[PDB]
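Comments concern the structure below.
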Amino acid sequence: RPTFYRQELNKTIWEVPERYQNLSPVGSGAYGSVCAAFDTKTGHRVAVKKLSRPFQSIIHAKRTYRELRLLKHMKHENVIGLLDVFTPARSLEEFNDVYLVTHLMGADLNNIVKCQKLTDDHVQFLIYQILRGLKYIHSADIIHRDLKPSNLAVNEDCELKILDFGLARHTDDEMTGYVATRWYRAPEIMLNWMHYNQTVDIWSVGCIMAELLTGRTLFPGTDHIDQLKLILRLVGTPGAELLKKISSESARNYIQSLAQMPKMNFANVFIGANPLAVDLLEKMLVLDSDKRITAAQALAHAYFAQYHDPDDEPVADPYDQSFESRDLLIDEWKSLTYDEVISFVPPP
Ligand SMILES: Nc1ccc(S(=O)(=O)Nc2ccccn2)cc1
Ligand SMILES: [Cl-]
Ligand SMILES: [Cl-]
Ligand SMILES: [Cl-]
Ligand SMILES: [Cl-]
Ligand SMILES: [Cl-]
Ligand SMILES: [Mg+2]
């Protein structure tokens with residue numbers, strides 16, 4: 001067991017191993033508080049996240065377990081991984097606090113799309129890395145559910161990592177109105193049309209790739225219905241085959257109230273783009289999720305010919321998510337989480 005020391009950073013007690021030095025507040029959502037630190041064992045600058053109220057409800061206890069299972073599993077160059085997890089507790093009986101440690105990320109994709117000039121070669125390399133990461137995540141039957149520019153870390157060498165997986169957090173108010181939180185969402189999840197699956201993440205990649213090519217948001221809706229009208233004007237209104245797959249009768253009645261529109265010419269929308277980029281956007285931005293290109297298929301598209309290496313696009317180890325259908329008490333979720341903290345083995 002390492003030696004721990006205590007300090008107060010902005011009205012919060014931090015109790016951490018001596019290896020972590022020079023802690024400074026970086027931010028705080030409703031999920032926890034984050035400090036930057038120097039890790040003397042590895043020589044990396046790190047982010048240390050102290051969870052808030054991890055075991056306050058069954059919902060919160062299961063979310064804590066879900067987050068630690070997911071971060072312990074992810075071992076890929078284009079996905080955030082876990083450097084360390086610790087608790088100052090010496091037994092299950094006094095266990096209350098969970099701390100997660102990752103590499104400190106500088107810039108997100110928003111800090112390069114808004115203020116930097118991008119060549120086609122930059123767009124090829126950035127979208128290639130998102131898809132390489134997604135091939136890995138989807139091979140474990142994990143859905144990210146919240147891909148958007150603020151959830152993609154990028155360095156000076158244009159190297160990219162996916163972070164901030166959807167742990168089923170987002171609220172109704174968070175998705176309301178003129179908000180980036182909704183602009184990258186597939187229409188079937190935005191309006192609860194049907195049981196969604198991993199295809200929702202490829203819709204989000206289409207929206208991100210369009211914005212790297214034009215420097216503008218693709219579907220900046222002022223509300224859910226405004227956003228749907230922007231989407232259907234580009235890709236066309238649904239045919240009979242998709243309408244059959246929408247489970248809400250009321251959602252089917254609403255779609256049938258709209259005037260029919262054909263799919264637009266994407267070469268006239270993405271003026272001057274590489275024809276191969278236009279072709280790949282037509283294959284991602286398909287209304288029927290069954291007919292969208294997959295991550296594995298997209299990596300073999302001619303747009304990525306300069307970067308594609310089928311011997312360096314790995315898949316994940318199998319991931320058991322059977323806990324998701326399990327009904328447990330707060331103290332049972334807390335015991336499972338405690339076991340996952342004490343069994344953690346750091347990377348080389
Ligand atoms: N996409 C993205 C999000 C957050 C940050 S950070 O500068 O807060 N750095 C962090 C935050 C959490 C974990 C690691 N680094 C940088 C990039
Ligand atoms: Cl230590
Ligand atoms: Cl990482
Ligand atoms: Cl504790
Ligand atoms: Cl964003
Ligand atoms: Cl597993
Ligand atoms: Mg985020």
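Each chain of the structure tokens is named A, B, ... in the order shown, its residues numbered from 1; ligands are numbered from 1 in display order.
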Original post:
Got a sec to check which residues lie within 8 Å of ligand 6, using only C-alpha atoms and all ligand atoms, and send them as a VMD selection string?
Top reply: chain A and resid 73 317 to 321
Please find the residues contacting ligand 3 at a distance of at most 12 Å between atoms, with only C-alpha atoms and all ligand atoms counted, and report them as a PDB file with N, CA and C atoms, in the first residue's frame.
ATOM      1  N   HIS A  44       4.624  11.115 -16.546  1.00  0.00           N
ATOM      2  CA  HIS A  44       3.533  11.720 -17.361  1.00  0.00           C
ATOM      3  C   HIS A  44       2.861  12.832 -16.550  1.00  0.00           C
ATOM      4  N   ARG A  45       2.345  13.875 -17.221  1.00  0.00           N
ATOM      5  CA  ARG A  45       1.308  14.785 -16.663  1.00  0.00           C
ATOM      6  C   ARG A  45      -0.022  14.019 -16.738  1.00  0.00           C
ATOM      7  N   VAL A  46      -0.825  14.026 -15.667  1.00  0.00           N
ATOM      8  CA  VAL A  46      -2.026  13.134 -15.579  1.00  0.00           C
ATOM      9  C   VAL A  46      -3.227  13.963 -15.168  1.00  0.00           C
ATOM     10  N   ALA A  47      -4.423  13.447 -15.461  1.00  0.00           N
ATOM     11  CA  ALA A  47      -5.682  13.925 -14.884  1.00  0.00           C
ATOM     12  C   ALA A  47      -6.098  12.950 -13.774  1.00  0.00           C
ATOM     13  N   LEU A  71     -13.395   1.562 -18.403  1.00  0.00           N
ATOM     14  CA  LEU A  71     -12.033   2.140 -18.459  1.00  0.00           C
ATOM     15  C   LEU A  71     -10.970   1.040 -18.250  1.00  0.00           C
ATOM     16  N   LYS A  72     -11.193   0.043 -17.392  1.00  0.00           N
ATOM     17  CA  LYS A  72     -10.199  -1.047 -17.210  1.00  0.00           C
ATOM     18  C   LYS A  72     -10.045  -1.865 -18.489  1.00  0.00           C
ATOM     19  N   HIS A  73     -11.084  -1.943 -19.314  1.00  0.00           N
ATOM     20  CA  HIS A  73     -11.045  -2.788 -20.537  1.00  0.00           C
ATOM     21  C   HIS A  73     -10.319  -2.135 -21.710  1.00  0.00           C
ATOM     22  N   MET A  74     -10.404  -0.807 -21.845  1.00  0.00           N
ATOM     23  CA  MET A  74     -10.017  -0.118 -23.109  1.00  0.00           C
ATOM     24  C   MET A  74      -8.492   0.018 -23.208  1.00  0.00           C
ATOM     25  N   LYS A  75      -7.875  -0.789 -24.092  1.00  0.00           N
ATOM     26  CA  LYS A  75      -6.420  -0.831 -24.372  1.00  0.00           C
ATOM     27  C   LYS A  75      -6.139  -0.692 -25.874  1.00  0.00           C
ATOM     28  N   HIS A  76      -6.143   0.554 -26.366  1.00  0.00           N
ATOM     29  CA  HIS A  76      -6.003   0.910 -27.803  1.00  0.00           C
ATOM     30  C   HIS A  76      -5.408   2.323 -27.942  1.00  0.00           C
ATOM     31  N   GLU A  77      -4.543   2.516 -28.941  1.00  0.00           N
ATOM     32  CA  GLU A  77      -3.828   3.811 -29.194  1.00  0.00           C
ATOM     33  C   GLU A  77      -4.809   4.972 -29.424  1.00  0.00           C
ATOM     34  N   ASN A  78      -6.018   4.703 -29.928  1.00  0.00           N
ATOM     35  CA  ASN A  78      -6.976   5.783 -30.276  1.00  0.00           C
ATOM     36  C   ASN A  78      -8.131   5.837 -29.283  1.00  0.00           C
ATOM     37  N   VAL A  79      -7.986   5.266 -28.078  1.00  0.00           N
ATOM     38  CA  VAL A  79      -9.013   5.319 -27.015  1.00  0.00           C
ATOM     39  C   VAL A  79      -8.347   5.659 -25.680  1.00  0.00           C
ATOM     40  N   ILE A  80      -9.007   6.464 -24.865  1.00  0.00           N
ATOM     41  CA  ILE A  80      -8.497   6.785 -23.487  1.00  0.00           C
ATOM     42  C   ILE A  80      -8.345   5.472 -22.706  1.00  0.00           C
ATOM     43  N   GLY A  81      -7.243   5.306 -21.983  1.00  0.00           N
ATOM     44  CA  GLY A  81      -7.084   4.142 -21.095  1.00  0.00           C
ATOM     45  C   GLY A  81      -6.890   4.570 -19.649  1.00  0.00           C
ATOM     46  N   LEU A  82      -6.857   3.598 -18.767  1.00  0.00           N
ATOM     47  CA  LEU A  82      -6.730   3.855 -17.320  1.00  0.00           C
ATOM     48  C   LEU A  82      -5.270   3.641 -16.896  1.00  0.00           C
ATOM     49  N   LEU A  83      -4.628   4.704 -16.430  1.00  0.00           N
ATOM     50  CA  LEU A  83      -3.244   4.618 -15.874  1.00  0.00           C
ATOM     51  C   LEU A  83      -3.251   4.083 -14.429  1.00  0.00           C
ATOM     52  N   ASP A  84      -4.250   4.429 -13.622  1.00  0.00           N
ATOM     53  CA  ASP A  84      -4.339   4.020 -12.198  1.00  0.00           C
ATOM     54  C   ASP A  84      -5.753   4.209 -11.687  1.00  0.00           C
ATOM     55  N   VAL A 101      -7.233   7.802 -12.737  1.00  0.00           N
ATOM     56  CA  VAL A 101      -6.060   8.519 -13.303  1.00  0.00           C
ATOM     57  C   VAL A 101      -5.900   8.169 -14.775  1.00  0.00           C
ATOM     58  N   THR A 102      -5.862   9.194 -15.654  1.00  0.00           N
ATOM     59  CA  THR A 102      -5.576   9.052 -17.103  1.00  0.00           C
ATOM     60  C   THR A 102      -4.475  10.033 -17.528  1.00  0.00           C
ATOM     61  N   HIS A 103      -3.899   9.836 -18.723  1.00  0.00           N
ATOM     62  CA  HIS A 103      -3.021  10.858 -19.375  1.00  0.00           C
ATOM     63  C   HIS A 103      -3.747  12.192 -19.461  1.00  0.00           C
ATOM     64  N   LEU A 104      -3.049  13.307 -19.201  1.00  0.00           N
ATOM     65  CA  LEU A 104      -3.662  14.644 -19.262  1.00  0.00           C
ATOM     66  C   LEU A 104      -3.813  15.031 -20.737  1.00  0.00           C
ATOM     67  N   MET A 105      -5.038  15.346 -21.148  1.00  0.00           N
ATOM     68  CA  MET A 105      -5.299  15.733 -22.571  1.00  0.00           C
ATOM     69  C   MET A 105      -5.229  17.264 -22.665  1.00  0.00           C
ATOM     70  N   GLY A 133     -10.229   3.508 -33.790  1.00  0.00           N
ATOM     71  CA  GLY A 133     -10.732   3.396 -32.414  1.00  0.00           C
ATOM     72  C   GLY A 133     -12.132   2.751 -32.355  1.00  0.00           C
ATOM     73  N   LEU A 152     -13.109  14.326 -28.279  1.00  0.00           N
ATOM     74  CA  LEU A 152     -11.959  13.840 -29.076  1.00  0.00           C
ATOM     75  C   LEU A 152     -10.737  14.701 -28.735  1.00  0.00           C
ATOM     76  N   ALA A 153      -9.718  14.085 -28.142  1.00  0.00           N
ATOM     77  CA  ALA A 153      -8.444  14.773 -27.769  1.00  0.00           C
ATOM     78  C   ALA A 153      -7.472  14.691 -28.923  1.00  0.00           C
ATOM     79  N   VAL A 154      -6.782  15.803 -29.261  1.00  0.00           N
ATOM     80  CA  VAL A 154      -5.853  15.845 -30.414  1.00  0.00           C
ATOM     81  C   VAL A 154      -4.568  16.596 -29.989  1.00  0.00           C
ATOM     82  N   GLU A 159      -2.459  13.517 -33.674  1.00  0.00           N
ATOM     83  CA  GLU A 159      -2.772  12.196 -33.076  1.00  0.00           C
ATOM     84  C   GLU A 159      -4.020  12.325 -32.195  1.00  0.00           C
ATOM     85  N   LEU A 160      -4.931  11.341 -32.256  1.00  0.00           N
ATOM     86  CA  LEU A 160      -6.309  11.497 -31.702  1.00  0.00           C
ATOM     87  C   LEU A 160      -6.623  10.347 -30.735  1.00  0.00           C
ATOM     88  N   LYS A 161      -7.332  10.662 -29.671  1.00  0.00           N
ATOM     89  CA  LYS A 161      -7.965   9.674 -28.752  1.00  0.00           C
ATOM     90  C   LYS A 161      -9.450   9.980 -28.511  1.00  0.00           C
ATOM     91  N   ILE A 162     -10.266   8.916 -28.525  1.00  0.00           N
ATOM     92  CA  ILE A 162     -11.682   8.994 -28.121  1.00  0.00           C
ATOM     93  C   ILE A 162     -11.794   9.010 -26.582  1.00  0.00           C
ATOM     94  N   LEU A 163     -12.571   9.929 -25.994  1.00  0.00           N
ATOM     95  CA  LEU A 163     -12.883   9.812 -24.549  1.00  0.00           C
ATOM     96  C   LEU A 163     -14.345  10.048 -24.212  1.00  0.00           C
ATOM     97  N   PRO A 347      -0.559  -0.617 -16.772  1.00  0.00           N
ATOM     98  CA  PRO A 347       0.055  -0.960 -18.047  1.00  0.00           C
ATOM     99  C   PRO A 347       1.580  -0.953 -17.896  1.00  0.00           C
TER     100      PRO A 347
END
Original post:
With only C-alpha atoms as the atoms that count, which of A:311, A:39, A:97, A:8 lies nearest to residue A:334?
Top reply: A:97
Original post:
When you draw a straight line from atom CA of residue A:165 to atom CA of residue A:182, how long is it in Å?
Top reply: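 For atom CA of residue A:165 relative to atom CA of residue A:182, the distance reads 15.2 Å.
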**OP:** Write out as a PyMOL selection string each polymer residue whose atoms come within 12 Å of residue A:269, counting only C-alpha atoms; drop sequence neighbours fewer than 3 positions from it.
**Re:** chain A and resi 210+213-214+218+233-235+263-266+272-273+275+278+281-282
For the selection just defined, write its residues with N, CA and C atoms to a file, as a compact mmCIF listing (two decimals), in the first residue's frame.
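Full text of part_33.txt as output:
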# COMPACT_ATOMS: atom_id res chain seq x y z
N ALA A 210 -18.03 16.03 -41.92
CA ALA A 210 -18.63 17.15 -42.71
C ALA A 210 -18.11 18.50 -42.15
N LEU A 213 -14.56 19.29 -43.05
CA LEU A 213 -14.43 19.69 -44.49
C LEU A 213 -14.91 21.13 -44.71
N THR A 214 -15.96 21.60 -44.03
CA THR A 214 -16.64 22.90 -44.34
C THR A 214 -16.29 23.98 -43.31
N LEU A 218 -22.91 20.64 -39.37
CA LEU A 218 -23.79 20.08 -40.41
C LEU A 218 -25.28 20.29 -40.10
N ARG A 233 -33.94 17.21 -45.17
CA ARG A 233 -33.69 18.03 -46.39
C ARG A 233 -32.41 17.51 -47.08
N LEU A 234 -31.37 17.11 -46.35
CA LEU A 234 -30.12 16.53 -46.94
C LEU A 234 -30.35 15.09 -47.45
N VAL A 235 -30.85 14.17 -46.59
CA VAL A 235 -30.79 12.72 -46.91
C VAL A 235 -32.09 12.21 -47.52
N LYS A 263 -33.24 12.78 -51.65
CA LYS A 263 -31.85 12.96 -51.19
C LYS A 263 -31.19 14.02 -52.09
N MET A 264 -30.47 14.97 -51.48
CA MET A 264 -29.70 16.00 -52.23
C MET A 264 -28.44 15.42 -52.90
N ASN A 265 -27.89 16.19 -53.85
CA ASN A 265 -26.59 15.88 -54.49
C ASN A 265 -25.47 16.33 -53.53
N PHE A 266 -24.71 15.39 -52.92
CA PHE A 266 -23.68 15.76 -51.89
C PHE A 266 -22.49 16.51 -52.52
N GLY A 272 -16.26 21.35 -53.79
CA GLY A 272 -14.79 21.31 -53.90
C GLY A 272 -14.14 20.21 -53.09
N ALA A 273 -14.89 19.43 -52.31
CA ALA A 273 -14.28 18.36 -51.50
C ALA A 273 -13.75 17.25 -52.42
N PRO A 275 -13.70 13.97 -54.18
CA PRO A 275 -14.79 13.07 -54.53
C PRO A 275 -14.85 11.81 -53.64
N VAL A 278 -16.66 12.80 -50.45
CA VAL A 278 -18.10 12.89 -50.75
C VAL A 278 -18.70 11.48 -50.73
N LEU A 281 -19.03 10.11 -47.15
CA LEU A 281 -20.15 10.79 -46.42
C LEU A 281 -21.51 10.23 -46.86
N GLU A 282 -21.72 9.95 -48.16
CA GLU A 282 -22.98 9.37 -48.65
C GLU A 282 -23.21 7.99 -47.97
**OP:** Tell me which of A:19, A:224, A:148, A:252 sits closest to residue A:130, counting only C-alpha atoms.
**Re:** A:148
Please, which residues have at least one atom within 7 Å of an atom of ligand 5, using only C-alpha atoms and all ligand atoms, listed as a PDB file with N, CA and C atoms, in the first residue's frame?
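See pocket_7.pdb below for the written result:
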ATOM      1  N   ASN A 110     -12.396  20.679 -31.159  1.00  0.00           N
ATOM      2  CA  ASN A 110     -13.005  22.030 -31.251  1.00  0.00           C
ATOM      3  C   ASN A 110     -11.905  23.091 -31.316  1.00  0.00           C
ATOM      4  N   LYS A 148     -18.632  13.528 -30.400  1.00  0.00           N
ATOM      5  CA  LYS A 148     -18.733  14.942 -30.780  1.00  0.00           C
ATOM      6  C   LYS A 148     -17.342  15.559 -30.606  1.00  0.00           C
ATOM      7  N   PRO A 149     -17.034  16.732 -31.211  1.00  0.00           N
ATOM      8  CA  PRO A 149     -15.669  17.269 -31.178  1.00  0.00           C
ATOM      9  C   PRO A 149     -15.056  17.434 -29.771  1.00  0.00           C
ATOM     10  N   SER A 150     -15.860  17.782 -28.785  1.00  0.00           N
ATOM     11  CA  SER A 150     -15.363  18.025 -27.382  1.00  0.00           C
ATOM     12  C   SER A 150     -14.980  16.705 -26.701  1.00  0.00           C
ATOM     13  N   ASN A 151     -15.405  15.545 -27.240  1.00  0.00           N
ATOM     14  CA  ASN A 151     -15.043  14.190 -26.737  1.00  0.00           C
ATOM     15  C   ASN A 151     -13.887  13.543 -27.545  1.00  0.00           C
ATOM     16  N   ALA A 180     -24.944  21.926 -28.845  1.00  0.00           N
ATOM     17  CA  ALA A 180     -23.985  20.992 -29.490  1.00  0.00           C
ATOM     18  C   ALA A 180     -24.167  19.588 -28.936  1.00  0.00           C
ATOM     19  N   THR A 181     -24.718  19.461 -27.717  1.00  0.00           N
ATOM     20  CA  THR A 181     -24.988  18.143 -27.092  1.00  0.00           C
ATOM     21  C   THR A 181     -25.886  17.270 -27.983  1.00  0.00           C
TER      22      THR A 181
END
